[PDB]
Peer 1: 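Just passing along the structure, written as structure tokens.
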Amino acid sequence: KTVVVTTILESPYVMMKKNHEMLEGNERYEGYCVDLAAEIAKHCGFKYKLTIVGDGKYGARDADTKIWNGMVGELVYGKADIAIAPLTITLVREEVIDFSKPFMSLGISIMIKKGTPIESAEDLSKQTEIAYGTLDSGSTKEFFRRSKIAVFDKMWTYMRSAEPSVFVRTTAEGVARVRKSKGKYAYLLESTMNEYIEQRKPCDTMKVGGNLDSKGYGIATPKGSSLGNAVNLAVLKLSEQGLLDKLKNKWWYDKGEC
Amino acid sequence: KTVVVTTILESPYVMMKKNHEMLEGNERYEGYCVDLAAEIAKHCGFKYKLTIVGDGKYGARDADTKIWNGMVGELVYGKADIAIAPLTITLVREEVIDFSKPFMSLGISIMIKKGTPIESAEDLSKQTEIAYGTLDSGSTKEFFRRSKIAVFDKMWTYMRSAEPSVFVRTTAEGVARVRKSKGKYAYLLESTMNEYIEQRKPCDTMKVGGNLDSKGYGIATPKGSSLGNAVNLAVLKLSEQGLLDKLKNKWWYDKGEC
Amino acid sequence: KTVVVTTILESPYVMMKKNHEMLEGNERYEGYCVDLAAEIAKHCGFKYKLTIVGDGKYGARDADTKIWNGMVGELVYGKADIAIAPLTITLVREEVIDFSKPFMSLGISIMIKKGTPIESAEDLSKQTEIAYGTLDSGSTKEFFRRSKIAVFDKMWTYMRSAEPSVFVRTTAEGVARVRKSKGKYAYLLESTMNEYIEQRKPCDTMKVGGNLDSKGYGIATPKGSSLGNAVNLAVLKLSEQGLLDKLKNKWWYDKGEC
Ligand SMILES: NS(=O)(=O)c1cc2c(cc1Cl)N[C@@H](C(Cl)Cl)NS2(=O)=O
Ligand SMILES: NS(=O)(=O)c1cc2c(cc1Cl)N[C@@H](C(Cl)Cl)NS2(=O)=O
Ligand SMILES: NS(=O)(=O)c1cc2c(cc1Cl)N[C@@H](C(Cl)Cl)NS2(=O)=O
Ligand SMILES: N[C@@H](CCC(=O)O)C(=O)O
Ligand SMILES: N[C@@H](CCC(=O)O)C(=O)O
Ligand SMILES: N[C@@H](CCC(=O)O)C(=O)O
Ligand SMILES: [Zn+2]
């Protein structure tokens, strides 16, 4: 039984392998999460099909509709057997899907175009010149939507009324937006992505500040999926074998272009 | 059946005719909106009675009570069939009443007694010496109250807290307050009134800076009224036949005194 | 359902990005109306497909055939769910389609090559040296065609009978013609496009005089469409949150080249 892995195009976790669009199969993709999926499938002894979540969303439960979209939805509604993505372990997702132990640590972080007078979330919150937003339908946005933390809950008050929307559809759009914004837009996103981008040409962005929180990417499987246990042990195996570090190095730093 | 037209004594939209005491019914009044109402009535083929809004207000929803006052309330509660007044098309209002397309454009503008060291909203927001307020129960106030724009949020933060109240009940009061404040009061009001006032003796006020927002006056009708369509088309007709411009010229600039 | 947004390639409202040779769906497009469509959609919470009106016309009822072309037609004949375009609210159009409140004001204005012996429509109406025309199949043409106003009537009389046609198929054609005409052609186009063009290199054109009239672009939906309401409310929300002015700034002025 081929495990349907839901994942999302998000560098460097999962990326079309240059010139593999026209291709098919898992080999098309590359990235930390593709390798991870590999080491996971190998350690759990399963065949998997990497599928890119249709709506290209990580997963959020639509308010009112209550319907999970993105990779979470995939798992929740049985469209996918497992999500091997920079899928943030969050409480609201862990209620509806299972998460392996984190295979990666990240925090919400601020990406700014280099030179933006922003050193912290506080800075962002304390000012108006510089818009900032998050991926919509992602844990970051939810982090802010939900945070009682005075500075975030506020950053949210701003972001949620912000217009144009400070929310971007994709990390690339946030990043593009930061780059295109002449520093007038700060993108709140996961330090791992932020760190990846920081290391990619045009190298005009950087992570400033520490992370606004600490979380992890877990491999998500549907609630009570039998894969969960295997995958979880796999992740831990992988972690202890230094594979995750090896992978993170491979995908973040070994290709550093800055 | 005689259309009850709610309107508001607001120059030069609706004004008691110099005599007026010797006149009855519609003929008491003259002004852009009286003329507009005449042509709207003629073009929608209804007989109407101009009636001034009891509370002389345009209309805002009372927080807590959620009751609408002013012309909006007159429509909302079925005291009037139509509002033909410089009634600003706003989101909260369009939610409870219908507006023809705007028959007049306006923006929130600043009226200052001539010679006030203010050239913009940013200026007012940046200082404390010159008070500034808007008509309460009006769209200008609601604009600031609901504005997320840094400068206006600041301004609203100030105005909402200003003591004594920077808000006025009538434009006449705001205008008087400007004229009497020796430049210590800037009146945030709609450019149309501001322009009109600018052009009337004592010619001591002026609009400064551009409009803070762009909006329109719409002939309002109760949500889902039949008149709405007719009135809307009549407004478009009147607009296109140049009547609106002819009326605006007649009432704003033909009478100019400065 | 995915709302089908008809709109028109008209800078800066809707324009092909720059690599629209590598993007799909809505991201191929950029511009004020593209941004407008996005927030409109985000606020009305619908998915949309931007689709450029086939005939690249705005909408005019073909005399004799009585068939609406352009985006009006697209809406009138059910090909589009909504037009998010510099579509002029006009009487004839509101008779067949629904317009939101205007999301942008404009007036018919005269674009002349900078330094053209023209300062007004009266000026144009008085002379024959400077040809002037409008966009054909536009509200601007129809304004003149249908104008009862002596001057615009004379101008119409002139334009309709001017040879070669003073009318142009596109704004670019009109603009090019202004430029190429060494100032012997005045383009009567909406102030907004006039202003946009003014702001674009070669900066050889300018809006002269006031507008001949005042109208707005509204987001159009088929008559009695459910969307109309939400979109109208969206437009108002957006307008009040300063979005439309931000967009206007972003697309007109923030890239100003003159
Ligand atoms: N940085 S940290 O060690 O304090 C830290 C780490 C994690 C925290 C919280 C904190 Cl304060 N949350 C967990 C979530 Cl998955 Cl429930 N992940 S974590 O990276 O181990
Ligand atoms: N300039 S103005 O305020 O007098 C003005 C504005 C509009 C008018 C007419 C006039 Cl006279 N027409 C409407 C059309 Cl949509 Cl029926 N639009 S408008 O910009 O609000
Ligand atoms: N300044 S502008 O022309 O771009 C403009 C005009 C109107 C906007 C917003 C903007 Cl940004 N909002 C609408 C709503 Cl208030 Cl009914 N009216 S408008 O005058 O056509
Ligand atoms: N990793 C995030 C997506 C990126 C973000 O939200 O910043 C998630 O699972 O929702
Ligand atoms: N036209 C405004 C009143 C004037 C103002 O608010 O300044 C309204 O409809 O509320
Ligand atoms: N916006 C216009 C087109 C341009 C023009 O007519 O000048 C319309 O809706 O017809
Ligand atoms: Zn390969």
Side-chain angles (χ1 to χ4, degrees), chain A residues 15-30 34 87-94 99-108 139 143 163 190-192 210-218 220 239, chain B residues 87-94 99-108 139-140 142-143 190-192 210-212 214-218, chain C residues 12-13 32-33 35-36 86 88-89 99-107 190-192 195-196 211 214-219 232-244 246-253:
Chain A
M15 306 176 279
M16 290 285 176
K17 268 195 222 167
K18 183 171 140 95
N19 298 144
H20 294 54
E21 297 71 25
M22 72 289 316
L23 266 73
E24 31 162 17
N26 299 342
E27 183 258 341
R28 309 194 293 295
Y29 305 113
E30 59 174 357
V34 175
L87 186 61
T88 304
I89 300 167
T90 73
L91 169 71
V92 298
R93 296 178 173 162
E94 175 83 47
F99 274 111
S100 71
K101 290 305 184 299
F103 58 79
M104 186 166 315
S105 285
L106 59 310
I108 292 157
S139 57
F143 169 85
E163 312 271 345
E190 292 166 340
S191 60
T192 42
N211 303 335
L212 289 59
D213 65 356
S214 299
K215 30 209 192 179
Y217 293 146
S239 183
Chain B
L87 188 70
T88 298
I89 300 173
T90 68
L91 176 63
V92 287
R93 293 177 180 171
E94 179 71 41
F99 279 98
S100 74
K101 288 310 184 309
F103 61 78
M104 183 159 327
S105 302
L106 66 297
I108 298 161
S139 59
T140 298
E142 310 321 325
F143 164 82
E190 294 166 340
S191 48
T192 42
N211 299 346
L212 292 52
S214 262
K215 20 200 201 166
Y217 294 145
Chain C
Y13 300 96
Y32 177 94
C33 280
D35 289 347
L36 184 43
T88 303
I89 301 160
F99 278 106
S100 68
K101 292 310 186 289
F103 59 80
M104 184 174 297
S105 312
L106 62 300
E190 303 175 323
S191 53
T192 48
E195 288 160 356
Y196 171 73
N211 295 337
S214 290
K215 25 200 192 176
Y217 301 140
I219 292 172
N232 190 43
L233 287 188
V235 176
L236 287 186
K237 180 111 177 67
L238 261 27
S239 160
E240 276 150 52
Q241 304 305 13
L243 181 43
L244 296 178
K246 239 177 219 86
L247 261 15
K248 173 131 200 198
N249 289 336
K250 173 172 168 193
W251 288 109
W252 268 254
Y253 303 117

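Just so we're on the same page: letters track the sequence lines, and every chain starts at 1. As the structure lists them, so they are numbered: ligands from 1, and atoms in each ligand from 1.
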Peer 1: Does A:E21 have more than 12 heavy atoms from other residues, nucleotides or ligands lying within 6.0 Å of its CD?
Peer 2: yes
Peer 1: Could you list the residues that satisfy ring-ring contact (aromatic ring centres under 6.0 Å, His included) with A:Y29, not counting sequence neighbours?
Peer 2: none
Peer 1: Mind listing the closest non-hydrogen atom pair of C:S105 and C:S191 along with its distance?
Peer 2: O-OG, 4.5 Å
Peer 1: Which atoms of ligand 3 have any heavy atom of C:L236 under 4.0 Å away?
Peer 2: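 With C:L236 as reference, the close atoms of ligand 3 come out as 14 (C), 16 (Cl).
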Peer 1: Can you see which heavy atom on A:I89 is nearest to which on A:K215, and at what distance?
Peer 2: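 That closest heavy-atom pairing would be O-CB, 4.3 Å.
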Peer 1: Under the criterion side-chain hydrogen bond (donor to acceptor under 3.5 Å, both in side chains), I'd like the reasoning laid out for B:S139 against C:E240: C-alpha separation, chi angles, the key distance, then a yes or no.
Peer 2: CA-CA 10 Å; B:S139 59; C:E240 276 150 52; over 6 Å; no
Peer 1: Fit a plane to each ring of C:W252 and C:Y13, take the angle between them on a 0 to 90° scale, and name the class: parallel (under 30°), tilted (30 to 60°) or perpendicular (over 60°).
Peer 2: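 Answer is perpendicular, since the angle exceeds 60°.
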Peer 1: For A:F143 and A:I108, which heavy atoms make the closest approach, and how far apart are they?
Peer 2: CG-CD1, 3.0 Å
Peer 1: Grab the two heavy atoms, one from A:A220 and one from A:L87, that are nearest each other, plus how far apart they are.
Peer 2: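 Closest heavy-atom pair between A:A220 and A:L87: CB-CD2, 3.4 Å.
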Peer 1: Would the distance check show the side chain of C:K101 and the main-chain N or O of B:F99 forming a donor-acceptor pair, the cut-off being under 3.5 Å?
Peer 2: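 Confirmed, C:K101 side chain pairs with B:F99 backbone.
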Peer 1: Do any nitrogen or oxygen atoms of ligand 1 lie under 3.5 Å from a protein nitrogen or oxygen, and which ones?
Peer 2:
from	atom 1	to	atom 2	distance (Å)
ligand 1	1 (N)	A:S214	OG	3.0
ligand 1	12 (N)	A:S214	O	3.4

Peer 1: With 2.8 Å as the threshold, which protein atoms of type N, O or S lie near the Zn ion (ligand 7)? Leave waters out.
Peer 2: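 Those protein N, O or S atoms (cut-off: under 2.8 Å from the Zn ion (ligand 7)) are A:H20 NE2, A:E27 OE2.
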Peer 1: Can you sort out the partners of A:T90 under side-chain hydrogen bond (donor to acceptor under 3.5 Å, both in side chains), two or more places apart, ordered by chain and number?
Peer 2: none
Peer 1: Could you tell me which atoms of ligand 3, counted from 1 in the order shown, lie closer than 4.0 angstrom to a heavy atom of C:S239?
Peer 2: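 Taking each heavy atom of C:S239 in turn, ligand 3 has 8 (C), 9 (C), 12 (N), 13 (C), 14 (C), 15 (Cl) under 4.0 Å.
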